[PDB]
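Protein chains in written order, with the deposited numbering: chain A, 7 to 416; chain C, 7 to 416. Here a beta-carbon is modelled for each residue, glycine too, at the ideal position from N, C-alpha and C.
2 protein chains.
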Amino acid sequence: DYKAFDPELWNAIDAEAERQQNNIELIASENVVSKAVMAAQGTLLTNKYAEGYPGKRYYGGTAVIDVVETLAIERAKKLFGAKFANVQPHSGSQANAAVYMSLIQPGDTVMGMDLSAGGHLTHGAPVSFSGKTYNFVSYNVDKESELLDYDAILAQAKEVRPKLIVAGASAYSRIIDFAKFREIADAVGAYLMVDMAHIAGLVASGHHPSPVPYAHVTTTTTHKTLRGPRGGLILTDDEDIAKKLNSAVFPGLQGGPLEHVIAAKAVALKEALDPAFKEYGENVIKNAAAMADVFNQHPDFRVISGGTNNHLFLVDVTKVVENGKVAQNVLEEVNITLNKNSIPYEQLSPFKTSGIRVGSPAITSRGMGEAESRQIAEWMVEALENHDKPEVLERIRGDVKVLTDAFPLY
Amino acid sequence: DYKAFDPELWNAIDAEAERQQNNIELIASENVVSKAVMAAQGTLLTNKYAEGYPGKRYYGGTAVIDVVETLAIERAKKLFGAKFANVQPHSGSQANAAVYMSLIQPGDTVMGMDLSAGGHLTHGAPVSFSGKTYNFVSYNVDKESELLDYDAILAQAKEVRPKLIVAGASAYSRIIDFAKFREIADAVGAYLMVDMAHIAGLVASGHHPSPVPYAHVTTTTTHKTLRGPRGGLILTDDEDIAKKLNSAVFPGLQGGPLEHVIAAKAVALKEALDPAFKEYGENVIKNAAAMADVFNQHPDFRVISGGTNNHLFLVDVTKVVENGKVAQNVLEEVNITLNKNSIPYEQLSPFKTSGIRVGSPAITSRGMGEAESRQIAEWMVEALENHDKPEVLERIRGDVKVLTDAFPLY
Ligand SMILES: Cc1ncc(COP(=O)(O)O)c(CNCC(=O)O)c1O
Ligand SMILES: Cc1ncc(COP(=O)(O)O)c(CNCC(=O)O)c1O
């Protein structure tokens, strides 16, 4: 009945479902969640106000909510090996804000990865509250290797004297050495915060090393590789920091939490505890590597750092099309959606960029394997090399429908 | 059948659905959303990253999200009579942070309603980002009348000279005069921001005059009287302000918006544009006045300000029990949920308080009318008077059950 009351809206919703089905989604930060995760978010837990924490709420009627939120906290702790977790943050951005509010004061100096080399807005962009409220100094990757250089970062930290060093990225493909990051922090008396949003699913699956034992605080989105609902999570092993973080999230930054989304976080966390989640990780890794190999081997394309050891990579497209916006547009013409992306030391406009970013998680969740991944990468190459040949694009689009038909979304 | 995979979680959701069904929910900030609102939040829109705004997004394949977000925006504009809307804020709290970021600077001075008299945490509590970043100086209500004194407030503003005045409350039962707050702001060169979270539904129905033509910026939750999903929303008629508001929400404070929630916002807003929504407004007013009438007349209970012209009211219970907190524990024992609440010039610990806050929107959304409202108040009065007599509560509990069964939740 309700779809009949509001056809403009439900038309659009059904349209997005079909668009997800008919597109090869390579946006590295997307995934395809389980029906269970969506169903948890679609429940009447949305009607409950629950300011406060389990056992100390500011409203009655919260005993069941407590069981739910407590499930979520305990499942995170268990899955990531942390002594404390906070599952209330609305987003990754909010989780990160809460941590800054807990460990440093406005105007304090913070080191963060450079936007262009893979850092997130909340790691010090001047347009973000992060850059506005704190004095962020950025570190980069090496210009020749495109890898983190832990000695250079140490040398810079010794000069800069930060209160906090932030590690983690949106577009770095290689394994990060968290033990080195903590060594660096320790050497200049800084806190270390790790934002593992992109890699949390791989930390869970055993395919990326955990920052949890080395960071004072670890943040993540519950979406992305962890294949959860859209939201945030915070972890730590320090009881005192945990009190500060809890106060920072509420009443410091947020009001009432989204308990329906929290339910959905509990769902996702239990899915990631299942042994099958190790299989998903292994496949995420293989699928991304297979796609990258195609570009490595092709002479007109270069993969940043020469490859990947996680779920994503970047490709410099500028020998074949003008810039990354162009490549993003062309691939979209063949129902392959990704995002243009700055590469390290990017020479072009931020609105244009020299690169594209590709990820495996969504296709891996639809059940695709190495060969499909390889084929996709061939079609991307082919579409960019023939971007001005409508007839080729038309043909690729049809080949892609065969593949999407063959691995249905749900 | 995924519920079989996680029975702890899903049993808990069932428990909460039965708690909500067998409970008279009088927490004034709660409501009961339509199946359609829940369904929209349970969609696969949760899979989609949409940093940016309609037409100017960071990622590809966002043409359908844009239709959905544009519906929410267009509906908020039609419904509230505003020229601009931003529907991305994750919460009421995030919405208010964004306005401050847009209109004033850290350290600037702001007047907002005092917490004891029903201002919100984000209107200046020293444990909120609001009081930590900006110099909040509170106005109160008259000590006698327990009403807002616009003369007193004008004079205080003339001493204080705030950059911004914030009006709106979580616990004031009377009409707020937004024309007066704007003439007050105007007299000192201040912006006026109204946070209408509690009354947005009544504004929507015509039962409370609107702040929108008087406030430079209006904020609200989408949950509460507007009967929508948990979320925030921001309105203005000034274009230059709108641009800032948008930059503040993203990349200023947030990252990716919750487009499934935004779909749900769109749903709720079309519901509120339906002429049936005015009938709901009407009953919300009446049901609250009826529950309030019972306490006025009872000699052991005073109702703050003497009564109400909106969806809520406060009651001093200290005659009959020690404090608000105790009231709340007792009433919960008969399946009546509300919250303890400071009364103006609260004497007692804020962990205790002298009052209860009562609201009609949830019970009105279940179909109850004046007789049931009145009866519910009788039951409350009765349970507080008989608070250590378990055989009585047991009886009230049973009579409550008849009424909850009679007005089933969905
Ligand atoms: C590392 C990192 N941290 C925080 C966030 C922010 O999360 P919210 O959008 O939930 O605020 C992101 C999003 N990154 C977007 C991307 O790479 O596509 C991120 O990659
Ligand atoms: C006036 C007002 N403004 C903002 C908020 C905060 O919204 P979020 O909780 O979505 O951040 C509230 C919550 N008020 C809680 C209550 O009345 O019980 C509020 O009452």
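Legend entry - Neighbour flag for A:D411 against chain C, beta carbons, 8 Å: Stepping through the first sequence from its first residue, residue 411 of chain A is reached at position 405. Closer than 8 Å: no.
Legend entry - Per-residue burial, A:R167 [other beta carbons within 10 Å of its own, 16 or more giving buried]: Counting from 1 along the first sequence, the entry for residue 167 of chain A is found at position 161. When all chains shown are included, A:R167 counts as exposed.
Legend entry - Per-residue DSSP class, three states only, for A:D394: Start at 1 with the first residue of the first sequence, and residue 394 of chain A comes out as number 388. Correct three-state label for A:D394: coil.
Inset, instruction - Provide the residue span of the alpha helix (DSSP H) that contains A:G195, from first to last. - result: If you number the first sequence from 1, residue 195 of chain A lands on position 189. Taken as a continuous stretch (DSSP letters only), A:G195 belongs to no alpha helix (DSSP H), as it is neither H nor E.
Inset, instruction - Give a single yes or no on whether A:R236 has its beta carbon closer than 7 Å to a heavy atom of ligand 1. - result: For this step, residue 236 of chain A is matched to residue 230 along the first sequence. Yes, since a heavy atom of ligand 1 falls inside the 7 Å radius drawn around the Cβ of A:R236.
Inset, instruction - Whole angstroms is fine: what's the gap from C:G238's alpha carbon to C:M199's? - result: Against the second sequence, residue 238 of chain C aligns to sequence position 232. Against the second sequence, residue 199 of chain C aligns to sequence position 193. Approximately 15 Å, taken between the alpha carbons.
Inset, instruction - Note down, in chain order, every chain A residue with its Cβ under 9 Å from the Cβ of C:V39. - result: What you label residue 39 of chain C is simply residue 33 of the second sequence in a count that begins at 1. Residues of chain A passing the Cβ test: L50, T52 and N53.
Inset, instruction - Go through its chain and collect everything with a Cβ distance to A:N289's Cβ below 6 Å, but skip five positions before and after it. - result: One-based indexing of the first sequence puts residue 289 of chain A at position 283. The residues are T370.
Legend entry - Cβ-heavy atom distance, A:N102 to ligand 1, below 7 Å: Residue 102 of chain A sits at position 96 when you count from the first residue of the first sequence. Because some heavy atom of ligand 1 lies under 7 Å away, the Cβ of A:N102 counts as near it: yes.
Legend entry - C:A46 versus C:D20 - alpha carbon distance: Working through the second sequence from its first residue, we reach residue 46 of chain C at position 40. Working through the second sequence from its first residue, we reach residue 20 of chain C at position 14. Looking at the two C-alpha atoms, the distance is approximately 20 Å.
Inset, instruction - Spatial neighbours of C:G212 within its chain, please: CB distance less than 7 Å, with the 5 preceding and 5 following residues excluded, ordered by chain position. - result: Residue mapping note: residue 212 of chain C aligns to position 206 of the second sequence, counting from 1. Here the set comprises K284 and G287.
Legend entry - Inter-residue spacing [alpha-carbon to alpha-carbon] between C:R180 and C:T314: As a working mapping, residue 180 of chain C is identified with position 174 in the second sequence. As a working mapping, residue 314 of chain C is identified with position 308 in the second sequence. Cα to Cα, the separation comes out at about 6 Å.
Inset, instruction - Pick out the complete beta strand (DSSP E) segments inside the region 313-343 of chain A, 3 residues or longer, and give them in chain order. - result: 318-322
Inset, instruction - Taking A:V309 as the reference, give the member of A:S348, A:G58, A:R81 and A:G48 with the closest Cα. - result: Taking the first residue of the first sequence as position 1, residue 309 of chain A is located at position 303. A:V309 has its Cα closest to that of A:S348, out of A:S348, A:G58, A:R81 and A:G48.
Inset, instruction - Give a yes or no on whether the minimum CB-CB distance between C:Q162 and chain A is below 8 Å. - result: As a working note, residue 162 of chain C is residue 156 in the second sequence. False, the Cβ-Cβ gap to chain A never drops below 8 Å.
Inset, instruction - Can you list the residues near ligand 1, meaning Cβ strictly closer than 5 Å to any non-hydrogen atom, in the order they appear in the chain? - result: A:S35, A:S97, A:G98, A:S99, A:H126, A:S176, A:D201, A:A203, A:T227, C:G261 and C:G262
Legend entry - Close Cβ partners of residue 417 of chain A (< 6 Å) along its chain, the five nearest in sequence each way excluded: There is simply no residue 417 of chain A to check, as chain A begins at 7 and stops at 416 in what is shown.
Inset, instruction - Return the Cβ separation of A:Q162 and A:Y178 in integer angstroms, given the expectation that the two are a contact with Cβ distance under 8 Å. - result: As a working mapping, residue 162 of chain A is identified with position 156 in the first sequence. As a working mapping, residue 178 of chain A is identified with position 172 in the first sequence. That pair is no contact at about 17 Å.
Inset, instruction - Give a yes or no on whether the C-beta atoms belonging to A:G234 and A:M202 are separated by under 8 Å. - result: Here residue 234 of chain A is taken as the residue at index 228 of the first sequence, counted from 1. Here residue 202 of chain A is taken as the residue at index 196 of the first sequence, counted from 1. No. Outside cutoff.
Legend entry - Run of the alpha helix (DSSP H) containing C:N293, from where it starts to where it stops: Locating residue 293 of chain C in the second sequence gives position 287, counting from the first residue. From DSSP, the alpha helix (DSSP H) with C:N293 extends over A282 to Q303.
Legend entry - Alpha carbon of C:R403 to alpha carbon of C:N341, nearest angstrom: Against the second sequence, residue 403 of chain C aligns to sequence position 397. Against the second sequence, residue 341 of chain C aligns to sequence position 335. Distance between the alpha carbons of C:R403 and C:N341: 7 Å.
Legend entry - alpha helix (DSSP H) segment containing A:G174, residue limits: Within the first sequence, numbered from 1, the residue matching residue 174 of chain A stands at position 168. Per DSSP, A:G174 belongs to no alpha helix (DSSP H) and is neither H nor E.
Legend entry - is_contact[A:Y351, chain C] using C-beta, thresh 8 Å: Indexing the first sequence from 1 puts residue 351 of chain A at position 345. Judged by the 8 Å Cβ criterion, A:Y351 is not in contact with chain C.
Inset, instruction - Consider the C-beta atom of C:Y106 and the heavy atoms of ligand 2; say whether any pair is separated by less than 7 Å. - result: Numbered from 1 along the second sequence, position 100 holds the residue referred to as residue 106 of chain C. Flag unset: Cβ of C:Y106 not near ligand 2.
Legend entry - Continuous alpha helix (DSSP H) stretch holding A:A368: start and end: As a first step, residue 368 of chain A is located in the first sequence; it is residue number 362 there, counting from the start. Unbroken alpha helix (DSSP H) run through A:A368: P367 to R372.
Legend entry - Three-pair Cβ contact test at 8 Å for the region 28-44 of chain A versus the region 42-56 of chain C: yes
Inset, instruction - For A:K230, name the three-state secondary structure that DSSP assigns. - result: Within the first sequence, the letter at position 224 stands for residue 230 of chain A. The answer is coil: DSSP assigns A:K230 none of H, G, I, E or B.
Inset, instruction - Note the first and the last residue of the continuous beta strand (DSSP E) segment covering C:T242. - result: Locating residue 242 of chain C in the second sequence gives position 236, counting from the first residue. From DSSP, the beta strand (DSSP E) with C:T242 extends over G238 to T242.
Legend entry - Residues in the region 72-85 of chain A having any Cβ partner in chain C nearer than 7 Å: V73, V74 and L77
Legend entry - Short Cβ contact (8 Å threshold) for C:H393 with C:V327: On the second sequence, residue 393 of chain C is found 387 positions in, with the first residue counted as 1. On the second sequence, residue 327 of chain C is found 321 positions in, with the first residue counted as 1. Going by C-beta atoms, C:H393 is nearer than 8 Å to C:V327.
Legend entry - Environment of C:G87 [buried if 16+ CB atoms lie within 10 Å]: One-based indexing of the second sequence puts residue 87 of chain C at position 81. Flag for C:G87 reads exposed.
Legend entry - Test: A:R25 CB closer than 8 Å to a CB of chain C: Taking the first residue of the first sequence as position 1, residue 25 of chain A is located at position 19. Interface residue, yes.
Legend entry - Length-filtered (3 minimum) beta strand (DSSP E) runs lying within the region 107-179 of chain C: 115-119, 141-145 and 170-173
Inset, instruction - Identify the contact partners of C:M44 in chain A, using a Cβ-Cβ distance below 7 Å as the criterion. - result: Position 38 of the second sequence holds residue 44 of chain C. What C:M44 touches in chain A: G48, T49, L50 and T52.
Legend entry - Pair within 8 Å by beta-carbon distance, A:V273 and C:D12: Along the first sequence, read from residue 1 onward, the residue named residue 273 of chain A stands at position 267. Along the second sequence, read from residue 1 onward, the residue named residue 12 of chain C stands at position 6. It is a contact, given that the beta carbons lie within the stated cut-off.
Legend entry - Within chain C, partners of A:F135 - CB distance below 7 Å: Numbered from its first residue, the first sequence carries residue 135 of chain A at position 129. Going along chain C in sequence order, the residues near A:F135 (Cβ under 7 Å) are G258 and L259.
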